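Next up, start28.txt (compact mmCIF, C-alpha atoms):
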# COMPACT_ATOMS: atom_id res chain seq x y z
CA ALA A 53 0.00 0.00 0.00
CA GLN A 54 2.84 2.37 0.85
CA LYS A 55 4.53 1.52 -2.44
CA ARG A 56 1.28 2.01 -4.35
CA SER A 57 0.72 5.44 -2.80
CA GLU A 58 4.32 6.37 -3.55
CA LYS A 59 3.89 5.28 -7.16
CA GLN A 60 0.72 7.36 -7.42
CA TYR A 61 2.54 10.27 -5.79
CA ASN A 62 5.45 9.76 -8.17
CA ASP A 63 3.03 9.55 -11.08
CA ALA A 64 1.34 12.75 -9.94
CA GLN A 65 4.70 14.51 -9.76
CA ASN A 66 5.55 13.22 -13.23
CA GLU A 67 2.13 14.30 -14.46
CA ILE A 68 2.65 17.75 -12.95
CA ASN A 69 5.95 18.11 -14.80
CA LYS A 70 4.25 17.21 -18.07
CA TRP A 71 1.47 19.67 -17.28
CA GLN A 72 4.02 22.39 -16.55
CA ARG A 73 5.69 21.78 -19.91
CA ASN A 74 2.31 21.98 -21.63
CA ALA A 75 1.47 25.25 -19.87
CA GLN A 76 4.76 26.75 -21.06
CA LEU A 77 4.04 25.40 -24.55
CA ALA A 78 0.52 26.83 -24.37
CA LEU A 79 1.90 30.30 -23.62
CA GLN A 80 4.13 30.05 -26.70
CA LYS A 81 1.11 28.87 -28.70
CA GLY A 82 -0.91 31.86 -27.48
CA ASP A 83 -3.88 29.90 -26.17
CA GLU A 84 -4.48 31.59 -22.78
CA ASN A 85 -7.44 29.40 -21.83
CA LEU A 86 -5.50 26.14 -22.18
CA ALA A 87 -2.70 27.44 -19.96
CA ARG A 88 -5.18 28.50 -17.27
CA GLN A 89 -6.85 25.08 -17.43
CA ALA A 90 -3.49 23.36 -16.99
CA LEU A 91 -2.78 25.41 -13.86
CA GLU A 92 -6.11 24.33 -12.36
CA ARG A 93 -5.29 20.70 -13.15
CA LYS A 94 -1.92 21.05 -11.42
CA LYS A 95 -3.61 22.43 -8.31
CA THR A 96 -5.98 19.46 -8.24
CA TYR A 97 -3.03 17.12 -8.68
CA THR A 98 -1.16 18.92 -5.91
CA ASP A 99 -4.15 18.53 -3.60
CA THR A 100 -4.32 14.83 -4.47
CA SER A 101 -0.59 14.52 -3.86
CA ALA A 102 -0.96 16.26 -0.51
CA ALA A 103 -3.75 13.86 0.44
CA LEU A 104 -1.59 10.92 -0.62
CA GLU B 26 -13.66 -3.42 0.68
CA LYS B 27 -16.89 -4.94 -0.62
CA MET B 28 -18.96 -1.87 0.30
CA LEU B 29 -16.47 0.40 -1.45
CA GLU B 30 -16.33 -1.67 -4.64
CA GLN B 31 -20.10 -1.65 -5.10
CA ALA B 32 -20.22 2.12 -4.63
CA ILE B 33 -17.56 2.77 -7.28
CA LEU B 34 -19.48 0.82 -9.93
CA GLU B 35 -22.69 2.70 -9.09
CA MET B 36 -21.25 6.22 -9.41
CA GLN B 37 -19.85 5.62 -12.91
CA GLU B 38 -23.22 4.57 -14.36
CA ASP B 39 -24.88 7.66 -12.84
CA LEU B 40 -22.36 9.94 -14.56
CA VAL B 41 -23.25 8.48 -17.96
CA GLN B 42 -26.93 9.24 -17.36
CA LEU B 43 -26.04 12.84 -16.47
CA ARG B 44 -23.98 13.12 -19.66
CA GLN B 45 -26.96 11.98 -21.74
CA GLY B 46 -29.11 14.66 -20.10
CA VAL B 47 -26.45 17.26 -20.85
CA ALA B 48 -26.37 16.16 -24.49
CA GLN B 49 -30.15 16.54 -24.69
CA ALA B 50 -29.86 20.01 -23.17
CA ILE B 51 -27.13 20.87 -25.67
CA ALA B 52 -29.32 19.52 -28.47
CA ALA B 53 -32.27 21.52 -27.15
CA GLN B 54 -30.22 24.72 -27.21
CA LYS B 55 -29.15 23.97 -30.77
CA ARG B 56 -32.74 23.20 -31.79
CA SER B 57 -34.00 26.49 -30.36
CA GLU B 58 -31.16 28.34 -32.07
CA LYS B 59 -32.04 26.68 -35.38
CA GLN B 60 -35.67 27.67 -34.92
CA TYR B 61 -34.57 31.19 -33.99
CA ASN B 62 -32.27 31.23 -37.01
CA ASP B 63 -35.09 29.92 -39.18
CA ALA B 64 -37.42 32.60 -37.83
CA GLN B 65 -34.86 35.29 -38.63
CA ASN B 66 -34.45 33.84 -42.12
CA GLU B 67 -38.23 33.67 -42.48
CA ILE B 68 -38.52 37.29 -41.36
CA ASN B 69 -36.02 38.37 -44.02
CA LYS B 70 -38.04 36.55 -46.68
CA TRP B 71 -41.21 38.16 -45.34
CA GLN B 72 -39.58 41.59 -45.46
CA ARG B 73 -38.61 41.05 -49.09
CA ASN B 74 -42.18 40.00 -49.88
CA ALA B 75 -43.59 43.08 -48.16
CA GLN B 76 -41.33 45.31 -50.25
CA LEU B 77 -42.36 43.34 -53.35
CA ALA B 78 -46.01 43.67 -52.34
CA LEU B 79 -45.69 47.46 -52.18
CA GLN B 80 -44.26 47.46 -55.72
CA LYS B 81 -47.12 45.17 -56.79
CA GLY B 82 -49.65 47.57 -55.26
CA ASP B 83 -51.45 45.01 -53.11
CA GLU B 84 -51.77 46.89 -49.79
CA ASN B 85 -53.57 44.07 -47.98
CA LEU B 86 -50.82 41.53 -48.63
CA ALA B 87 -48.16 43.89 -47.29
CA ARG B 88 -50.16 44.52 -44.12
CA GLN B 89 -50.63 40.78 -43.63
CA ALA B 90 -46.88 40.21 -43.98
CA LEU B 91 -46.18 42.79 -41.27
CA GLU B 92 -48.55 40.99 -38.90
CA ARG B 93 -46.80 37.69 -39.66
CA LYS B 94 -43.43 39.26 -38.89
CA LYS B 95 -44.72 40.49 -35.54
CA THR B 96 -45.93 36.99 -34.68
CA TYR B 97 -42.55 35.59 -35.73
CA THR B 98 -40.79 38.24 -33.65
CA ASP B 99 -42.88 37.29 -30.62
CA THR B 100 -42.04 33.63 -31.20
CA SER B 101 -38.37 34.53 -31.57
CA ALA B 102 -38.51 36.53 -28.34
CA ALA B 103 -40.09 33.56 -26.56
CA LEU B 104 -37.40 31.28 -27.97
CA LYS B 105 -34.71 33.71 -26.83
CA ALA B 106 -36.20 33.81 -23.33
CA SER B 107 -36.34 30.02 -23.27
CA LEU B 108 -32.73 29.79 -24.44
CA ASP B 109 -31.49 32.08 -21.68
CA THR B 110 -33.24 30.02 -19.01
CA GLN B 111 -31.96 26.83 -20.63
CA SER B 112 -28.41 28.17 -20.80
CA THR B 113 -28.24 28.78 -17.05
CA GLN B 114 -29.44 25.23 -16.42
CA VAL B 115 -26.91 23.90 -18.92
CA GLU B 116 -24.05 25.75 -17.24
CA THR B 117 -25.02 24.28 -13.87
CA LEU B 118 -25.10 20.78 -15.34
CA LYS B 119 -21.66 21.27 -16.89
CA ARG B 120 -20.33 22.58 -13.59
CA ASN B 121 -21.82 19.62 -11.74
CA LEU B 122 -20.13 17.15 -14.09
CA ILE B 123 -16.76 18.81 -13.50
CA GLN B 124 -17.32 18.66 -9.74
CA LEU B 125 -18.33 15.01 -10.02
CA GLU B 126 -15.14 14.19 -11.93
CA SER B 127 -13.06 15.66 -9.11
CA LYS B 128 -15.15 13.71 -6.58
CA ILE B 129 -14.72 10.25 -8.15
CA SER B 130 -10.91 10.61 -8.04
CA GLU B 131 -11.15 11.51 -4.34
CA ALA B 132 -13.28 8.41 -3.71
CA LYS B 133 -10.56 6.19 -5.21
CA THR B 134 -8.02 7.80 -2.87
CA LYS B 135 -10.37 7.22 0.07
CA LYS B 136 -10.50 3.48 -0.63
CA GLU B 137 -6.72 3.18 -0.31
CA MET B 138 -6.80 4.98 3.04
CA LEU B 139 -9.67 2.77 4.22
CA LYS B 140 -7.81 -0.40 3.25
CA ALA B 141 -4.70 0.55 5.23
CA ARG B 142 -6.53 1.19 8.52
CA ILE B 143 -8.45 -2.09 8.25
CA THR B 144 -5.21 -4.04 7.83
CA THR B 145 -3.77 -2.34 10.91
CA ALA B 146 -6.84 -3.30 12.93
CA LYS B 147 -6.41 -6.94 11.88
CA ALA B 148 -2.78 -6.86 13.06
CA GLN B 149 -3.94 -5.61 16.47
CA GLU B 150 -6.41 -8.51 16.69
CA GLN B 151 -3.57 -11.00 16.13
CA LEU B 152 -1.70 -9.57 19.14
CA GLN B 153 -4.73 -10.26 21.37
CA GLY B 154 -4.70 -13.93 20.36
CA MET B 155 -1.09 -14.30 21.50
CA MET C 1 -33.88 1.91 4.43
CA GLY C 2 -34.57 -1.80 4.98
CA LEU C 3 -34.54 -2.50 1.26
CA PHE C 4 -31.22 -0.69 0.85
CA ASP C 5 -29.57 -2.78 3.57
CA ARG C 6 -30.86 -5.99 1.99
CA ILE C 7 -29.65 -4.98 -1.46
CA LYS C 8 -26.10 -4.25 -0.31
CA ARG C 9 -25.63 -7.60 1.43
CA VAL C 10 -27.01 -9.61 -1.49
CA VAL C 11 -25.01 -7.66 -4.06
CA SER C 12 -21.73 -7.97 -2.16
CA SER C 13 -21.93 -11.75 -1.79
CA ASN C 14 -22.82 -12.28 -5.45
CA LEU C 15 -20.17 -9.87 -6.73
CA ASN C 16 -17.29 -11.44 -4.80
CA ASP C 17 -17.87 -14.94 -6.16
CA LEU C 18 -18.29 -13.61 -9.70
CA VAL C 19 -15.20 -11.37 -9.83
CA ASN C 20 -12.61 -14.04 -8.91
CA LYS C 21 -13.51 -16.36 -11.80
CA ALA C 22 -13.21 -13.63 -14.45
CA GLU C 23 -10.22 -11.79 -12.92
CA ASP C 24 -7.54 -14.00 -14.52
CA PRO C 25 -5.13 -11.76 -16.48
CA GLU C 26 -4.51 -14.03 -19.50
CA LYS C 27 -8.19 -14.53 -20.40
CA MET C 28 -8.91 -10.80 -20.17
CA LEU C 29 -5.98 -9.74 -22.36
CA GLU C 30 -6.94 -12.04 -25.25
CA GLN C 31 -10.56 -10.86 -25.26
CA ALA C 32 -9.74 -7.14 -25.31
CA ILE C 33 -7.46 -7.12 -28.38
CA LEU C 34 -9.89 -9.15 -30.49
CA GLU C 35 -12.84 -6.87 -29.68
CA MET C 36 -11.21 -3.57 -30.69
CA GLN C 37 -10.15 -4.90 -34.10
CA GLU C 38 -13.70 -6.06 -34.83
CA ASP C 39 -15.05 -2.64 -33.84
CA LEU C 40 -12.71 -0.87 -36.27
CA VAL C 41 -14.00 -2.92 -39.20
CA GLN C 42 -17.60 -2.06 -38.32
CA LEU C 43 -16.71 1.62 -38.00
CA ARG C 44 -14.97 1.57 -41.38
CA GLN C 45 -18.07 0.16 -43.07
CA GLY C 46 -20.20 2.94 -41.63
CA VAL C 47 -17.65 5.52 -42.72
CA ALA C 48 -17.49 3.99 -46.19
CA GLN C 49 -21.26 4.28 -46.58
CA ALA C 50 -21.11 7.95 -45.63
CA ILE C 51 -18.30 8.49 -48.13
CA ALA C 52 -20.31 6.70 -50.81
CA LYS D 105 -24.63 22.08 -51.74
CA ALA D 106 -25.32 23.27 -48.20
CA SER D 107 -26.18 19.73 -47.13
CA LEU D 108 -23.07 18.35 -48.82
CA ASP D 109 -20.72 20.73 -47.02
CA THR D 110 -22.10 19.80 -43.60
CA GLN D 111 -21.95 16.09 -44.42
CA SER D 112 -18.41 16.39 -45.78
CA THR D 113 -17.20 18.01 -42.56
CA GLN D 114 -18.76 15.20 -40.53
CA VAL D 115 -17.12 12.60 -42.77
CA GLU D 116 -13.74 14.29 -42.34
CA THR D 117 -14.13 14.22 -38.56
CA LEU D 118 -14.94 10.51 -38.66
CA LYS D 119 -11.82 9.84 -40.74
CA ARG D 120 -9.70 11.73 -38.21
CA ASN D 121 -11.23 9.70 -35.39
CA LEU D 122 -10.42 6.45 -37.19
CA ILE D 123 -6.75 7.44 -37.46
CA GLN D 124 -6.67 8.16 -33.72
CA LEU D 125 -8.32 4.80 -33.04
CA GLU D 126 -5.69 3.01 -35.13
CA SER D 127 -2.89 4.43 -33.00
CA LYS D 128 -4.57 3.25 -29.79
CA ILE D 129 -5.12 -0.40 -30.79
CA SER D 130 -1.48 -0.79 -31.86
CA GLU D 131 -0.30 0.42 -28.45
CA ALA D 132 -2.49 -2.16 -26.71
CA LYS D 133 -0.79 -5.04 -28.54
CA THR D 134 2.62 -3.89 -27.27
CA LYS D 135 1.25 -3.65 -23.73
CA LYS D 136 0.15 -7.30 -23.65
CA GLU D 137 3.68 -8.59 -24.23
CA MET D 138 5.02 -6.38 -21.44
CA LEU D 139 2.18 -7.36 -19.11
CA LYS D 140 2.70 -11.09 -19.65
CA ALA D 141 6.38 -10.91 -18.72
CA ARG D 142 5.60 -9.05 -15.49
CA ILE D 143 2.93 -11.56 -14.46
CA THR D 144 5.20 -14.56 -15.04
CA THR D 145 7.99 -13.06 -12.94
CA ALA D 146 5.64 -12.35 -10.05
CA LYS D 147 4.29 -15.91 -9.97
CA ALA D 148 7.78 -17.39 -9.90
CA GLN D 149 8.84 -14.95 -7.19
CA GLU D 150 5.88 -15.75 -4.95
CA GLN D 151 6.62 -19.48 -4.84
CA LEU D 152 10.29 -18.78 -4.11
CA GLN D 153 9.46 -16.16 -1.48
CA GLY D 154 7.28 -18.51 0.56
CA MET D 155 10.04 -21.09 0.81
CA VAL E 156 -14.31 8.12 -27.54
CA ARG E 157 -16.31 9.05 -24.44
CA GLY E 158 -15.50 5.68 -22.90
CA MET E 159 -18.64 3.70 -22.12
CA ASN E 160 -18.77 1.13 -19.33
CA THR E 161 -19.36 -1.70 -21.82
CA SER E 162 -16.63 -0.56 -24.23
CA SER E 163 -13.95 -3.26 -24.62
CA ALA E 164 -10.96 -0.91 -24.43
CA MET E 165 -12.03 0.79 -21.20
CA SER E 166 -12.96 -2.48 -19.49
CA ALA E 167 -9.82 -4.35 -20.55
CA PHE E 168 -7.44 -1.72 -19.20
CA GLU E 169 -9.19 -1.59 -15.83
CA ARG E 170 -9.30 -5.37 -15.42
CA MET E 171 -5.67 -5.76 -16.45
CA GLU E 172 -4.49 -2.97 -14.15
CA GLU E 173 -6.08 -4.38 -11.00
CA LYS E 174 -4.62 -7.85 -11.50
CA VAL E 175 -1.20 -6.54 -12.53
CA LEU E 176 -0.88 -4.06 -9.67
CA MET E 177 -1.75 -6.59 -6.98
CA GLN E 178 0.67 -9.21 -8.31
CA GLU E 179 3.58 -6.79 -8.69
CA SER E 180 3.11 -5.27 -5.24
CA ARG E 181 2.80 -8.65 -3.53
CA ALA E 182 5.95 -10.09 -5.11
CA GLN E 183 8.05 -7.08 -4.14
CA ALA E 184 6.70 -7.08 -0.58
CA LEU E 185 7.44 -10.77 -0.07
CA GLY E 186 11.02 -10.31 -1.23
CA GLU E 187 11.50 -7.37 1.13
CA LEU E 188 10.46 -9.37 4.20
CA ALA E 189 13.23 -11.93 3.62
CA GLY E 190 15.75 -9.09 3.32
CA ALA E 191 14.44 -7.49 6.51
CA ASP E 192 15.34 -10.51 8.65
CA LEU E 193 18.66 -10.18 10.54
CA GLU E 194 20.02 -13.60 9.56
CA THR E 195 19.91 -12.74 5.85
CA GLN E 196 21.84 -9.52 6.52
CA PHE E 197 24.43 -11.45 8.52
CA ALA E 198 24.94 -13.89 5.64
CA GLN E 199 25.81 -11.03 3.28
CA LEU E 200 28.44 -9.80 5.74
CA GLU E 201 29.77 -13.35 6.05
CA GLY E 202 29.92 -13.65 2.27
CA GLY E 203 32.02 -10.50 2.05
CA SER E 204 34.34 -11.89 4.70
CA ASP E 205 34.40 -15.24 2.89
CA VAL E 206 35.40 -13.95 -0.57
CA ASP E 207 38.47 -11.98 0.59
CA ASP E 208 40.14 -14.90 2.41
CA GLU E 209 39.68 -17.09 -0.68
CA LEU E 210 41.24 -14.37 -2.84
CA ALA E 211 44.22 -14.19 -0.48
CA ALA E 212 44.51 -17.98 -0.64
CA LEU E 213 44.16 -17.81 -4.43
CA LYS E 214 46.95 -15.23 -4.60
CA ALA E 215 49.20 -17.52 -2.56
CA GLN E 216 48.29 -20.43 -4.84
CA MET E 217 49.12 -18.45 -7.99
CA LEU E 218 52.16 -16.72 -6.46
CA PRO E 219 54.64 -19.43 -7.45

Output the file's structure as C-alpha cells, nothing else.
Amino acid sequence: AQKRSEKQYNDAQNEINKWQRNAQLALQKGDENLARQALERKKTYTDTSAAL
Amino acid sequence: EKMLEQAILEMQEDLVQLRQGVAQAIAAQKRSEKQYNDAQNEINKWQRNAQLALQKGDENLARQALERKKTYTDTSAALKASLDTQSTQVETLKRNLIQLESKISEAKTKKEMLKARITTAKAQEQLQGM
Amino acid sequence: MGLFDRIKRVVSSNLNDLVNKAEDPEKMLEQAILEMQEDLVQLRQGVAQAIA
Amino acid sequence: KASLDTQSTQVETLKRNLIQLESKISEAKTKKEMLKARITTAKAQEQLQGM
Amino acid sequence: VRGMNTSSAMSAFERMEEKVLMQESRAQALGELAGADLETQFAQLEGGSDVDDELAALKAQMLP
C-alpha cells in the first residue's frame, strides 16, 4: 500500500511536470485558456498529492 | 472493501446518465437556435415579400406580412427567453459534471486509506490472540 | 432503508464470487485485443457508406 | 450544396477519429507482451518467497 | 471516444491494471520481508568476509 501510494505520488509529480511543460508550450502557442486550465489541473493534482 | 467496490461501480453509471441529459440540453439549445435562425431567415423573406407587395400595389398583402413578422418576432422573443433560461441550467449541469469528476478521483483515494486502517486493525487482533 | 440494507448484502456476496472467476489476467488480455479490431471494421463500413 | 458541405465536414471528422483509433489499438498489442512478462515473474517470485 | 462502461478498451485496461498491480506489489513485498530478517543480513556480511580470504589464498596459490 505504501509503495502504491508512492507510485501514485510519483506519477502525480511526473504528471505535474508534463502539465508544466504543456502550460509553457501553451503560452508560446498563445492559447491563454489552455494554460489556465493546466494550472487548475496542477492544483488538483497537488491537492491529491498532498492527500496521498 | 466490498462496500467500497459496489459504490464505485454505481457512481460511474450515474455519470453516464447525467452526460446523456447534458447532451439533450445541448441539443435543445441547438434546436431552439435553429428555430430562432429559421425565424430570422423567415422574417427576411417576409420583409422582401412586403417590399415586393408594395411594388405590386397590393396593400392588404403587405399589411398581412407585417402581422406575420410580428408573430414571428414574438415567437423569436419567446425562444430567446427560453434559451437564456436553458443556458443557465446547462451551465449548472456542466459545472456539476466537473465537480463530479473531481469527486470520483477523491473516492478512489479514500479506498486506499480505508484499506490501510483495516489491515492495521487486523494486526492488532492478532496480538490479542497471542 | 430496509430494502437498501438488503440490497447491499445480497449484491456484495454475489459480486465477490463472480469477480474471482473472471479476474484471470490471461483470459482478459486475449478478449480485449480481439474486440477492438472487430469494432474498427464495423466503424470503417459505416464511414465507407457515408463516403459513398 | 449546403447539405453536402455539412456532411463532408462530418465525414472528415470521422476519418480523423479512425486514425486516432488506429494508433490506440497498436499500443495495446505492445502492452500485452510487457504485461505477460511481469505476471510470469511475479508468480515465480511468490513461490520462491514462501520457501 | 467518451469511454462507455461496456466498451472493450475501457474495461480491458481496468481489469488488467487491477490484477497486474496486486501481483507486482505482492511479489516485491514478499522479497523485502526476507531481506528485513537479521540472519539474511548477517549472511551477506559473512559472504564478504568469505570472498576476501579465498582471494588471499588464491593469490598464494598463484604466487609461485

Closest-contact table, chain C side, partner chain B, 10 Å, counting only C-alpha atoms, as JSON lines:
{"residue": "C:8", "atom": "CA", "partner": "B:28", "partner_atom": "CA", "distance": 7.6}
{"residue": "C:9", "atom": "CA", "partner": "B:28", "partner_atom": "CA", "distance": 8.9}
{"residue": "C:11", "atom": "CA", "partner": "B:31", "partner_atom": "CA", "distance": 7.8}
{"residue": "C:12", "atom": "CA", "partner": "B:27", "partner_atom": "CA", "distance": 5.9}
{"residue": "C:13", "atom": "CA", "partner": "B:27", "partner_atom": "CA", "distance": 8.6}
{"residue": "C:15", "atom": "CA", "partner": "B:31", "partner_atom": "CA", "distance": 8.4}
{"residue": "C:16", "atom": "CA", "partner": "B:27", "partner_atom": "CA", "distance": 7.7}

Chain E contacts on chain D, all atoms listed in the file, 8 Å, as a count of residues only: 9

Residues of chain C within 10 Å of chain E, counting only C-alpha atoms, as JSON, numbers by chain: {"C": [22, 23, 24, 25, 26, 27, 28, 29, 30, 31, 32, 33, 34, 35, 36, 39]}

Determine, for each residue of chain B having at least one atom at most 9 Å from an atom of chain A, the closest pair of atoms and their separation in Å to one decimal, counting only C-alpha atoms; order by chain and ascending number, as JSON lines.
{"residue": "B:127", "atom": "CA", "partner": "A:96", "partner_atom": "CA", "distance": 8.1}
{"residue": "B:130", "atom": "CA", "partner": "A:100", "partner_atom": "CA", "distance": 8.6}
{"residue": "B:131", "atom": "CA", "partner": "A:100", "partner_atom": "CA", "distance": 7.6}
{"residue": "B:134", "atom": "CA", "partner": "A:104", "partner_atom": "CA", "distance": 7.5}
{"residue": "B:137", "atom": "CA", "partner": "A:53", "partner_atom": "CA", "distance": 7.4}
{"residue": "B:138", "atom": "CA", "partner": "A:104", "partner_atom": "CA", "distance": 8.7}
{"residue": "B:140", "atom": "CA", "partner": "A:53", "partner_atom": "CA", "distance": 8.5}
{"residue": "B:141", "atom": "CA", "partner": "A:53", "partner_atom": "CA", "distance": 7.1}

Residue neighbourhood residue 102 in chain B, 12 Å, all atoms listed in the file, exclusion window fewer than 5 positions, as a PyMOL selection string: chain B and resi 57-58+60-62+64-65+94-97+107-109

The centre and edge lengths of an axis-aligned box containing all atoms of range 134-143 of chain D present in the file, extended by 8 Å on each side, are to be given in Å to one decimal, as JSON.
{"center_x": 3.3, "center_y": -7.6, "center_z": -20.9, "size_x": 22.2, "size_y": 23.9, "size_z": 28.8}

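Residues lying within 9 Å of range 63-78 of chain A, counting all atoms listed in the file and ignoring same-chain neighbours fewer than 3 positions away, are residues 58, 59, 60, 81, 82, 83, 84, 85, 86, 87, 88, 89, 90, 91, 93, 94, 97, 98, 100 and 101 of chain A.
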
Would you save the residues of that selection, restricted to C-alpha atoms, as a PDB file, in the frame of the given file?
ATOM      1  CA  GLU A  58       4.320   6.370  -3.550  1.00  0.00           C
ATOM      2  CA  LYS A  59       3.890   5.280  -7.160  1.00  0.00           C
ATOM      3  CA  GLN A  60       0.720   7.360  -7.420  1.00  0.00           C
ATOM      4  CA  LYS A  81       1.110  28.870 -28.700  1.00  0.00           C
ATOM      5  CA  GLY A  82      -0.910  31.860 -27.480  1.00  0.00           C
ATOM      6  CA  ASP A  83      -3.880  29.900 -26.170  1.00  0.00           C
ATOM      7  CA  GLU A  84      -4.480  31.590 -22.780  1.00  0.00           C
ATOM      8  CA  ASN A  85      -7.440  29.400 -21.830  1.00  0.00           C
ATOM      9  CA  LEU A  86      -5.500  26.140 -22.180  1.00  0.00           C
ATOM     10  CA  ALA A  87      -2.700  27.440 -19.960  1.00  0.00           C
ATOM     11  CA  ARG A  88      -5.180  28.500 -17.270  1.00  0.00           C
ATOM     12  CA  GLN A  89      -6.850  25.080 -17.430  1.00  0.00           C
ATOM     13  CA  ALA A  90      -3.490  23.360 -16.990  1.00  0.00           C
ATOM     14  CA  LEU A  91      -2.780  25.410 -13.860  1.00  0.00           C
ATOM     15  CA  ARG A  93      -5.290  20.700 -13.150  1.00  0.00           C
ATOM     16  CA  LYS A  94      -1.920  21.050 -11.420  1.00  0.00           C
ATOM     17  CA  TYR A  97      -3.030  17.120  -8.680  1.00  0.00           C
ATOM     18  CA  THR A  98      -1.160  18.920  -5.910  1.00  0.00           C
ATOM     19  CA  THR A 100      -4.320  14.830  -4.470  1.00  0.00           C
ATOM     20  CA  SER A 101      -0.590  14.520  -3.860  1.00  0.00           C
TER      21      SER A 101
END

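Note that the spacing between CA of residue 67 in chain B and CA of residue 106 in chain D amounts to 17.5 Å.
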
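Between CA of residue 125 in chain D and CA of residue 119 in chain B there is a distance of 26.6 Å.
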
Nearby residues (all atoms listed in the file) at most 9 Å from residue 72 in chain B, same-chain spacing under 4 positions excluded, as JSON, numbers by chain: {"B": [67, 68, 76, 77, 90, 91, 94]}

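Residue nearest chain C, chosen from D:107, D:112, D:145, D:127 and counting only C-alpha atoms: D:112.
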
Atomic distance CA of residue 44 in chain C - CA of residue 157 in chain E, expressed in Å with one decimal: 18.6 Å

Once you count only C-alpha atoms, what closest atom pair and distance in Å to one decimal does each residue of chain D within 8 Å of chain C have, with rows by chain and rising residue number, as CSV?
residue,atom,partner,partner_atom,distance
D:115,CA,C:50,CA,6.8
D:118,CA,C:47,CA,7.0
D:119,CA,C:47,CA,7.5
D:122,CA,C:40,CA,7.7
D:125,CA,C:40,CA,7.9
D:129,CA,C:36,CA,6.9
D:132,CA,C:33,CA,7.2
D:133,CA,C:33,CA,7.0
D:136,CA,C:29,CA,6.7
D:140,CA,C:26,CA,7.8

Per residue of chain E within 12 Å of chain B, what are the shortest atom pair and its distance in Å to one decimal, counting all atoms listed in the file, with rows by chain and residue number, as JSON lines?
{"residue": "E:157", "atom": "CA", "partner": "B:41", "partner_atom": "CA", "distance": 9.5}
{"residue": "E:158", "atom": "CA", "partner": "B:41", "partner_atom": "CA", "distance": 9.6}
{"residue": "E:159", "atom": "CA", "partner": "B:41", "partner_atom": "CA", "distance": 7.8}
{"residue": "E:160", "atom": "CA", "partner": "B:38", "partner_atom": "CA", "distance": 7.5}
{"residue": "E:161", "atom": "CA", "partner": "B:38", "partner_atom": "CA", "distance": 10.5}
